[PDB]
>>> print(open('protein_23.cif').read())   # mmCIF, C-alpha atoms and all ligand atoms
data_entry
#
loop_
_atom_site.label_atom_id
_atom_site.label_comp_id
_atom_site.auth_asym_id
_atom_site.auth_seq_id
_atom_site.Cartn_x
_atom_site.Cartn_y
_atom_site.Cartn_z
CA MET C 1 -22.35 -2.24 -1.52
CA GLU C 2 -24.89 0.49 -2.35
CA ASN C 3 -22.68 2.27 -4.90
CA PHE C 4 -20.56 -0.60 -6.32
CA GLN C 5 -21.11 -3.85 -8.32
CA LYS C 6 -18.63 -6.84 -8.34
CA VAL C 7 -16.59 -5.96 -5.09
CA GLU C 8 -13.57 -8.36 -4.58
CA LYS C 9 -10.99 -8.41 -1.77
CA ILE C 10 -7.38 -7.83 -3.08
CA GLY C 11 -5.80 -7.95 0.39
CA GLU C 12 -5.07 -6.20 3.70
CA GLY C 13 -3.79 -2.65 3.26
CA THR C 14 -2.04 -0.34 5.74
CA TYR C 15 -5.44 0.95 7.12
CA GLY C 16 -7.97 -1.83 6.30
CA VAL C 17 -9.14 -4.19 3.58
CA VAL C 18 -8.48 -3.21 -0.11
CA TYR C 19 -11.01 -4.20 -2.74
CA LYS C 20 -11.20 -4.14 -6.50
CA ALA C 21 -14.66 -2.73 -7.12
CA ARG C 22 -16.88 -1.67 -10.04
CA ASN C 23 -18.66 1.70 -9.66
CA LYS C 24 -22.34 1.00 -10.29
CA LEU C 25 -23.06 4.35 -12.00
CA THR C 26 -20.05 4.46 -14.37
CA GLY C 27 -18.86 0.81 -14.68
CA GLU C 28 -15.22 1.71 -13.91
CA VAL C 29 -12.92 -0.53 -11.95
CA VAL C 30 -11.37 1.19 -8.85
CA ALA C 31 -9.27 0.31 -5.79
CA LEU C 32 -11.53 0.77 -2.75
CA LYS C 33 -9.64 1.07 0.52
CA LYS C 34 -11.72 0.69 3.66
CA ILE C 35 -10.28 2.61 6.61
CA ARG C 36 -10.68 0.55 9.83
CA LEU C 37 -12.10 2.79 12.65
CA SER C 46 -13.22 14.74 11.57
CA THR C 47 -9.61 16.12 11.08
CA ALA C 48 -8.53 13.27 8.74
CA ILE C 49 -11.55 13.72 6.39
CA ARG C 50 -10.69 17.34 5.31
CA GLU C 51 -6.95 16.63 5.14
CA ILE C 52 -7.32 13.51 3.01
CA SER C 53 -9.96 15.27 0.92
CA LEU C 54 -7.22 17.86 0.02
CA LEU C 55 -5.28 14.93 -1.54
CA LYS C 56 -8.07 14.61 -4.18
CA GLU C 57 -6.40 17.80 -5.65
CA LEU C 58 -2.79 16.38 -5.56
CA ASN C 59 -2.59 15.10 -9.25
CA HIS C 60 0.56 13.96 -11.27
CA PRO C 61 1.33 11.17 -13.77
CA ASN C 62 3.41 9.23 -11.19
CA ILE C 63 0.82 9.56 -8.34
CA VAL C 64 -2.13 7.14 -8.05
CA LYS C 65 -5.21 9.32 -8.42
CA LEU C 66 -7.39 9.61 -5.31
CA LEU C 67 -10.83 9.77 -6.94
CA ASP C 68 -13.06 10.12 -3.91
CA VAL C 69 -13.36 10.07 -0.15
CA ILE C 70 -16.61 8.26 0.81
CA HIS C 71 -17.87 8.86 4.31
CA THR C 72 -21.24 7.08 4.65
CA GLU C 73 -22.91 4.93 7.32
CA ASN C 74 -20.12 6.09 9.73
CA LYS C 75 -17.60 4.22 7.56
CA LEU C 76 -14.70 5.66 5.55
CA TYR C 77 -13.43 4.53 2.18
CA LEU C 78 -10.86 5.93 -0.16
CA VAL C 79 -11.43 5.39 -3.89
CA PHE C 80 -8.30 5.25 -6.03
CA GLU C 81 -7.77 4.57 -9.72
CA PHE C 82 -7.03 0.90 -10.33
CA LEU C 83 -3.72 -0.04 -11.92
CA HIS C 84 -2.68 -3.23 -13.60
CA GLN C 85 -0.17 -4.58 -10.98
CA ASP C 86 1.88 -3.64 -7.83
CA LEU C 87 5.72 -3.61 -7.83
CA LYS C 88 6.00 -6.22 -5.06
CA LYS C 89 4.22 -8.75 -7.36
CA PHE C 90 6.16 -7.61 -10.42
CA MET C 91 9.44 -7.97 -8.47
CA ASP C 92 8.41 -11.52 -7.38
CA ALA C 93 7.37 -12.49 -10.97
CA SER C 94 10.72 -11.03 -12.30
CA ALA C 95 12.97 -12.81 -9.69
CA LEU C 96 14.45 -15.55 -11.97
CA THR C 97 15.64 -13.09 -14.67
CA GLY C 98 15.73 -9.79 -12.75
CA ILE C 99 14.11 -6.57 -13.92
CA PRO C 100 16.22 -5.23 -16.83
CA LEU C 101 18.39 -2.21 -15.89
CA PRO C 102 16.71 0.19 -18.37
CA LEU C 103 13.35 -0.55 -16.73
CA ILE C 104 14.81 -0.22 -13.19
CA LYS C 105 16.21 3.16 -14.26
CA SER C 106 12.91 4.26 -15.82
CA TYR C 107 10.91 3.25 -12.75
CA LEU C 108 13.34 4.97 -10.35
CA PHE C 109 13.27 8.14 -12.47
CA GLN C 110 9.46 8.18 -12.51
CA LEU C 111 9.22 7.45 -8.76
CA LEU C 112 11.60 10.38 -8.10
CA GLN C 113 9.36 12.61 -10.24
CA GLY C 114 6.36 11.56 -8.12
CA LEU C 115 8.27 12.23 -4.87
CA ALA C 116 9.55 15.57 -6.13
CA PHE C 117 5.96 16.58 -6.97
CA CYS C 118 4.50 15.58 -3.63
CA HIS C 119 7.40 17.01 -1.63
CA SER C 120 7.09 20.37 -3.51
CA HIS C 121 3.42 20.40 -2.34
CA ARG C 122 4.49 19.66 1.26
CA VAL C 123 3.06 16.10 1.21
CA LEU C 124 5.12 13.15 2.48
CA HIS C 125 4.44 9.43 2.17
CA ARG C 126 6.32 8.15 5.26
CA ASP C 127 5.51 4.45 4.44
CA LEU C 128 6.74 3.72 0.92
CA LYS C 129 7.14 0.11 0.04
CA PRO C 130 6.82 -1.96 -3.11
CA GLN C 131 3.13 -2.75 -2.37
CA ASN C 132 2.28 0.99 -2.73
CA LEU C 133 4.04 1.27 -6.12
CA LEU C 134 1.72 0.41 -9.03
CA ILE C 135 2.57 -0.24 -12.68
CA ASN C 136 0.59 -0.08 -15.91
CA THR C 137 1.16 -2.13 -19.07
CA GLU C 138 3.20 0.42 -21.07
CA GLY C 139 5.97 1.39 -18.64
CA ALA C 140 4.49 3.89 -16.16
CA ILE C 141 4.80 3.51 -12.39
CA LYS C 142 2.85 5.47 -9.77
CA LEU C 143 2.99 5.90 -6.00
CA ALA C 144 -0.11 5.32 -3.90
CA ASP C 145 -1.06 6.51 -0.39
CA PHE C 146 0.89 9.80 -0.19
CA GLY C 147 -0.39 11.95 2.69
CA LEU C 148 -2.31 9.18 4.48
CA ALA C 149 0.14 8.53 7.29
CA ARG C 150 0.09 12.23 8.44
CA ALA C 151 -3.73 12.37 8.18
CA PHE C 152 -4.47 9.06 10.00
CA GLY C 153 -1.43 8.18 12.21
CA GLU C 162 -0.46 -9.75 9.67
CA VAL C 163 2.76 -7.87 10.52
CA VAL C 164 3.99 -4.35 9.65
CA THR C 165 6.85 -4.20 7.11
CA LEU C 166 9.88 -2.38 8.57
CA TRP C 167 12.25 -3.07 5.69
CA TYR C 168 11.96 0.40 4.11
CA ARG C 169 11.87 2.51 7.31
CA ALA C 170 14.47 5.26 7.64
CA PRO C 171 16.87 5.06 10.60
CA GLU C 172 15.59 8.28 12.20
CA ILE C 173 12.11 6.66 12.40
CA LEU C 174 13.61 3.47 13.94
CA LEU C 175 15.59 5.63 16.46
CA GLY C 176 12.30 7.14 17.71
CA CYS C 177 12.51 10.59 16.08
CA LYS C 178 9.02 12.15 16.23
CA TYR C 179 9.77 14.59 13.34
CA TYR C 180 9.38 13.35 9.75
CA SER C 181 10.97 14.98 6.72
CA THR C 182 11.13 14.41 2.95
CA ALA C 183 14.26 12.37 3.57
CA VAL C 184 12.26 9.42 4.97
CA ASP C 185 10.81 8.84 1.46
CA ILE C 186 14.20 9.06 -0.23
CA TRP C 187 15.52 6.39 2.17
CA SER C 188 12.63 4.06 1.39
CA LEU C 189 13.05 4.59 -2.36
CA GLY C 190 16.77 3.87 -2.07
CA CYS C 191 15.97 0.57 -0.39
CA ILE C 192 13.51 -0.27 -3.20
CA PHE C 193 16.12 0.65 -5.86
CA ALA C 194 18.61 -1.73 -4.28
CA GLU C 195 16.00 -4.52 -4.14
CA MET C 196 15.17 -4.09 -7.86
CA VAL C 197 18.87 -4.39 -8.73
CA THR C 198 19.85 -7.33 -6.49
CA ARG C 199 16.48 -9.17 -6.42
CA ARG C 200 16.76 -9.29 -2.60
CA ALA C 201 15.51 -6.85 0.05
CA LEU C 202 18.38 -4.64 1.24
CA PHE C 203 17.45 -4.63 4.98
CA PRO C 204 14.83 -7.35 5.68
CA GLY C 205 14.43 -6.84 9.45
CA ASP C 206 11.65 -8.61 11.42
CA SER C 207 11.74 -6.26 14.42
CA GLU C 208 12.81 -2.65 14.96
CA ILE C 209 16.15 -3.66 16.53
CA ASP C 210 16.91 -6.30 13.84
CA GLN C 211 16.05 -3.64 11.20
CA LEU C 212 18.41 -1.15 12.93
CA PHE C 213 21.31 -3.64 13.27
CA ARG C 214 20.76 -4.79 9.64
CA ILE C 215 21.35 -1.12 8.57
CA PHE C 216 24.30 -0.70 10.97
CA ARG C 217 26.06 -3.88 9.79
CA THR C 218 25.88 -2.68 6.16
CA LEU C 219 26.49 1.12 6.55
CA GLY C 220 28.35 1.09 9.87
CA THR C 221 26.93 2.11 13.23
CA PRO C 222 26.18 5.85 12.93
CA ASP C 223 28.06 8.35 15.05
CA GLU C 224 28.15 12.12 15.67
CA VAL C 225 30.63 12.59 12.78
CA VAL C 226 28.32 11.26 10.05
CA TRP C 227 25.07 12.17 11.83
CA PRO C 228 25.20 15.12 14.24
CA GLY C 229 22.56 14.60 16.93
CA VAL C 230 22.26 10.82 16.42
CA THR C 231 23.41 10.02 19.98
CA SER C 232 20.64 12.25 21.47
CA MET C 233 17.76 10.60 19.54
CA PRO C 234 15.04 9.08 21.66
CA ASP C 235 15.81 5.35 21.19
CA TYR C 236 19.60 5.64 20.66
CA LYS C 237 21.58 3.58 23.16
CA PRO C 238 25.31 3.98 23.75
CA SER C 239 25.48 0.17 24.09
CA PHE C 240 24.69 -0.41 20.39
CA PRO C 241 27.42 -2.51 18.83
CA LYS C 242 29.90 -0.51 16.70
CA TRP C 243 30.09 -2.07 13.22
CA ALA C 244 32.56 -0.64 10.62
CA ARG C 245 30.94 0.48 7.29
CA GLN C 246 30.97 -1.89 4.20
CA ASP C 247 31.10 -0.71 0.44
CA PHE C 248 28.02 -0.35 -1.84
CA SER C 249 30.25 -2.24 -4.29
CA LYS C 250 29.67 -5.54 -2.34
CA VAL C 251 26.04 -4.65 -1.54
CA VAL C 252 24.49 -3.90 -4.98
CA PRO C 253 26.67 -5.51 -7.66
CA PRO C 254 26.54 -5.25 -10.65
CA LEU C 255 25.22 -1.69 -10.41
CA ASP C 256 27.62 0.80 -12.04
CA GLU C 257 29.36 3.66 -10.23
CA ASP C 258 26.69 6.17 -11.20
CA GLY C 259 23.97 3.96 -9.70
CA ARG C 260 26.04 3.29 -6.59
CA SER C 261 26.77 7.04 -6.20
CA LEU C 262 23.06 7.82 -6.36
CA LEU C 263 22.10 5.00 -4.00
CA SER C 264 24.82 6.04 -1.53
CA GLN C 265 23.38 9.58 -1.48
CA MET C 266 19.84 8.24 -0.92
CA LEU C 267 21.08 6.19 2.07
CA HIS C 268 23.13 8.79 3.99
CA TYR C 269 22.38 8.43 7.69
CA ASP C 270 21.76 12.12 8.39
CA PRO C 271 18.37 12.94 6.76
CA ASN C 272 19.72 16.44 6.08
CA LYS C 273 22.55 15.00 3.93
CA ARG C 274 20.22 12.67 1.93
CA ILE C 275 19.83 13.73 -1.73
CA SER C 276 16.47 15.37 -2.56
CA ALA C 277 14.18 13.92 -5.18
CA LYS C 278 14.67 16.99 -7.38
CA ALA C 279 18.51 16.73 -7.17
CA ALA C 280 18.40 12.98 -7.76
CA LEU C 281 16.58 13.56 -11.09
CA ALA C 282 19.69 15.50 -12.28
CA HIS C 283 22.11 12.69 -11.29
CA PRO C 284 24.29 11.31 -14.12
CA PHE C 285 22.69 7.85 -13.55
CA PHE C 286 19.69 9.22 -15.52
CA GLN C 287 21.58 10.62 -18.50
CA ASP C 288 20.50 7.66 -20.63
CA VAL C 289 17.04 7.09 -19.12
CA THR C 290 14.29 5.76 -21.41
CA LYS C 291 10.74 4.43 -20.89
CA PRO C 292 10.69 0.71 -21.84
CA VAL C 293 7.65 -1.59 -21.93
CA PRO C 294 7.60 -4.12 -19.03
CA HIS C 295 7.43 -7.88 -19.48
CA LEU C 296 4.24 -8.67 -17.44
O1 LIG O 1 -4.67 -0.50 -8.21
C1 LIG O 1 -4.24 -1.48 -7.68
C2 LIG O 1 -4.08 -1.62 -6.28
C3 LIG O 1 -3.47 -2.74 -5.77
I1 LIG O 1 -3.16 -2.88 -3.72
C4 LIG O 1 -3.11 -3.80 -6.62
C5 LIG O 1 -3.28 -3.65 -7.96
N1 LIG O 1 -3.87 -2.54 -8.46
#
>>> encode(input="protein_23.cif", output="structure tokens", more="lines below")
Ligand SMILES: O=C1CC(I)=CC=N1
Amino acid sequence: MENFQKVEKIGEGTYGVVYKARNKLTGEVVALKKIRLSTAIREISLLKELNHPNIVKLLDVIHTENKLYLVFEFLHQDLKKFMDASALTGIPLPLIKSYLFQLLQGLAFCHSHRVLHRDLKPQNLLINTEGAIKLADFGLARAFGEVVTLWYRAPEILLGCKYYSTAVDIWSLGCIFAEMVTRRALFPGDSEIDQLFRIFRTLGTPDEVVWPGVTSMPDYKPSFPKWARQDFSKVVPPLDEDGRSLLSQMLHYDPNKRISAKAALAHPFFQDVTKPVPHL
């Protein structure tokens, strides 16, 4: 590469290959995301201004040789790998709580600046060595439009709603919270309908009482099976009532009833939050 030394594939990202790369001029290590191929360039370039401690810094947008690359700061590890490495012991609760608190601060920041993620998942959550966690790839899905992960997708998206809101990110984060606590994905679907029925079997099939308008959504079918709703108490033991209360509010069916990031930060679950050092 003209402008990088020591370029190494990390893996396949949402939009193309992701590399660890060394900037030739400065010697810094960055995450270089190739976008597999006018409006998207200016919109993503605005994200270079969207800066916060819990947001992965977008350093540059490189548009050269009719190719597009996003340059992000490089962080030590992603949460999917950390979760896998932590599976035998579990992530300690104080660290789960710290990470959730920080992720909510990142969401609250982006949402206050009218930027959504729309595709949060553990792979886009990055950790450093001292206890910070950051979200990557905010804003890309609006700008741009191996198998896709559906496990974190909000039910309105699965039911074919064409209108995103902040609530989609709260749903995904709730699913990630549950997975940290139980060491198992909450809703590991392998197709849209398996994902949908996995949510319905746990939370009950939604209806007009809990979710006004649900029956008029594009992909809703009156023939869906009607499951009764289970209790978070069987789903995420041994999480305490404060954690279950918060999670329950993050996973309301109606996006309009889902707790906001800002309100979640005030929840009693976080009264005793701290910032521990992770065991890498
Ligand atoms: O900065 C990063 C990105 C990814 I994907 C993995 C680890 N560090």
>>> closest_residue(input="protein_23.cif", among="C:296, C:177, C:189, C:1", to="residue 229 of chain C", atoms="all atoms listed in the file")
C:177
>>> residues_around(input="protein_23.cif", residues="segment 124-133 of chain C", least_positions_apart="4", cutoff="7 Å", atoms="all atoms listed in the file", output="number ranges by chain")
C: 86-88, 118-119, 141-147, 149, 168, 182, 184-185, 188, 192
>>> atom_distance(input="protein_23.cif", atom1="atom CA of residue 275 of chain C", atom2="atom CA of residue 89 of chain C")
27.9 Å
>>> residues_around(input="protein_23.cif", residues="segment 69-78 of chain C", least_positions_apart="5", cutoff="10 Å", atoms="all atoms listed in the file", output="mmCIF file with C-alpha atoms, keeping the file's coordinate frame")
data_model
loop_
_atom_site.group_PDB
_atom_site.id
_atom_site.type_symbol
_atom_site.label_atom_id
_atom_site.label_comp_id
_atom_site.auth_asym_id
_atom_site.auth_seq_id
_atom_site.Cartn_x
_atom_site.Cartn_y
_atom_site.Cartn_z
ATOM 1 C CA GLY C 16 -7.970 -1.830 6.300
ATOM 2 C CA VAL C 17 -9.140 -4.190 3.580
ATOM 3 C CA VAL C 18 -8.480 -3.210 -0.110
ATOM 4 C CA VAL C 30 -11.370 1.190 -8.850
ATOM 5 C CA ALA C 31 -9.270 0.310 -5.790
ATOM 6 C CA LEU C 32 -11.530 0.770 -2.750
ATOM 7 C CA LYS C 33 -9.640 1.070 0.520
ATOM 8 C CA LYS C 34 -11.720 0.690 3.660
ATOM 9 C CA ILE C 35 -10.280 2.610 6.610
ATOM 10 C CA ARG C 36 -10.680 0.550 9.830
ATOM 11 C CA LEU C 37 -12.100 2.790 12.650
ATOM 12 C CA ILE C 49 -11.550 13.720 6.390
ATOM 13 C CA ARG C 50 -10.690 17.340 5.310
ATOM 14 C CA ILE C 52 -7.320 13.510 3.010
ATOM 15 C CA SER C 53 -9.960 15.270 0.920
ATOM 16 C CA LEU C 54 -7.220 17.860 0.020
ATOM 17 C CA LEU C 55 -5.280 14.930 -1.540
ATOM 18 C CA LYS C 56 -8.070 14.610 -4.180
ATOM 19 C CA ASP C 145 -1.060 6.510 -0.390
#
>>> axis_aligned_box(input="protein_23.cif", around="segment 22-27 of chain C", padding_each_side="3 Å", output="lines of an AutoDock Vina configuration file")
center_x = -20.0
center_y = 1.4
center_z = -12.2
size_x = 12.2
size_y = 12.1
size_z = 11.0
>>> closest_residue(input="protein_23.cif", among="C:244, C:194, C:99, C:64", to="residue 140 of chain C", atoms="all atoms listed in the file")
C:64
>>> residues_around(input="protein_23.cif", residues="residue 197 of chain C", least_positions_apart="5", cutoff="9 Å", atoms="only C-alpha atoms", output="ChimeraX atom specification")
/C:98-101,104,192,252-255
>>> residues_near_point(input="protein_23.cif", point="(12.5, -6.4, 12.0)", cutoff="10 Å", atoms="only C-alpha atoms", output="list in words")
residues 163, 164, 165, 166, 167, 203, 204, 205, 206, 207, 208, 209, 210, 211, 212, 213 and 214 of chain C
>>> atom_distance(input="protein_23.cif", atom1="atom CA of residue 11 of chain C", atom2="atom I1 of ligand LIG 1 (chain O)")
7.0 Å
>>> atom_distance(input="protein_23.cif", atom1="atom CA of residue 80 of chain C", atom2="atom CA of residue 120 of chain C")
21.7 Å
>>> closest_residue(input="protein_23.cif", among="C:25, C:250, C:225, C:162", to="residue 12 of chain C", atoms="all atoms listed in the file")
C:162
>>> closest_residue(input="protein_23.cif", among="C:68, C:136, C:3, C:107", to="ligand LIG 1 (chain O)", atoms="all atoms listed in the file")
C:136
>>> residues_around(input="protein_23.cif", residues="residue 233 of chain C", least_positions_apart="2", cutoff="12 Å", atoms="only C-alpha atoms", output="ChimeraX atom specification")
/C:171-179,222-224,227-231,235-238,270
>>> closest_residue(input="protein_23.cif", among="C:152, C:285, C:239, C:218", to="residue 48 of chain C", atoms="all atoms listed in the file")
C:152
>>> closest_residue(input="protein_23.cif", among="C:216, C:243, C:109, C:248", to="residue 279 of chain C", atoms="only C-alpha atoms")
C:109
>>> residues_near_point(input="protein_23.cif", point="(30.0, 7.8, -1.6)", cutoff="12 Å", atoms="only C-alpha atoms", output="JSON, numbers by chain")
{"C": [219, 245, 246, 247, 248, 249, 257, 258, 259, 260, 261, 262, 263, 264, 265, 266, 267, 268, 273, 274, 275]}
>>> residues_around(input="protein_23.cif", residues="residue 103 of chain C", least_positions_apart="6", cutoff="10 Å", atoms="only C-alpha atoms", output="PyMOL selection string")
chain C and resi 109+139-140+196+289-295
